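Heads up, the chain below is alone and in the form deposited in one PDB entry; it's given as structure tokens.
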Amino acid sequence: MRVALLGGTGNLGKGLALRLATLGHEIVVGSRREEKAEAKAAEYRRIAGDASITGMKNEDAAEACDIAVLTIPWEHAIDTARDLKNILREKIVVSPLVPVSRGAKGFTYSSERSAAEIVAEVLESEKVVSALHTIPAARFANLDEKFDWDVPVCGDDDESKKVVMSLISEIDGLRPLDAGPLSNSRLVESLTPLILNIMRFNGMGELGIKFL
């Protein structure tokens, strides 16, 4: 399938582009500036080798995709979603977004509503799927690294959720787990500030989570 990584110029986008393209999916890296996206797409192809990774302006990436992943920072996510609303409203949109703040006492969940539900409202969409929030980006973007992580997935539409879970299952090392309706997204998103706190107070590097 075709997967657009909106703002996919960071490590999560890089990891998804490299791993999914190697599996045969057509990846489109999106960025505010087309030149930036094409440049990063070129970079990923060199690492990945002979695979389909192309770069486009976010609007064109969204237009061309089946699934759009919002790899943009939370701080600019609502504005980006709003601008792409008409295009994204009919696509499956995956939100790995988390409202988290750093503070003197550690990391906190900084919203009264979840990022995924806010995005669903801004998009007026029934196809938003919350997933991929707890994937250690640097480790994920390193193709020599092996891992065993679980990926909780939330969403109101059974079909969209099933498609996204199937896609995640194709990546060796990731196990998707259904966490229910989008109303449970706050519980999934909260794992990020919890993990950042564990990293901070125990002097540990990036971590994923496993339920067993």
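The first residue of the sequence shown is number 1, and the count goes up from there.
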| item | value |
| --- | --- |
| Higher-scoring stretch by recorded Cα B factor average, 131-139 or 78-86 | 78-86 |
| Greater mean Cα temperature factor according to the PDB record, 96-104 or 69-77 | 69-77 |
| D178, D150, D60, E170, ranked by C-alpha B-factor: the highest one | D60 |
| Which of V28, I47, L182, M165 ranks first by CA B-factor in the deposited coordinates | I47 |
| Relative C-alpha B-factor of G15, binned into the chain's lowest, middle or highest third | lowest |
| Lowest, middle or highest third - CA B-factor, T22 | middle |
| Third of the chain's Cα B-factor distribution that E124 belongs to, per the entry | highest |
| Chain-wide C-alpha B factor ranking for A41, given as lowest, middle or highest third | middle |
| B-factor third for the C-alpha atom of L6 within its chain | middle |
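The same protein also exists as the form solved in complex with a small molecule; that form is not shown, yet it is the one meant from here on.
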query: Close approach of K127 to the small molecule in the bound PDB entry, 4.5 Å, heavy atom; finding: no
query: Touches the small molecule in the bound PDB entry: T80 (any heavy atom, 4.5 Å); finding: yes
query: 4.5 Å heavy atom contact, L12 and the small molecule in the bound PDB entry; finding: yes
query: 4.5 angstroms heavy atom contact with the small molecule in the bound PDB entry for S31; finding: yes
query: Single option in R45, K162, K36, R186 placed near the small molecule in the bound PDB entry, where near means a heavy atom within 4.5 Å; finding: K36
query: The unique member of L84, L132, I92, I118 whose heavy atoms fall within 4.5 Å of the small molecule in the bound PDB entry; finding: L132
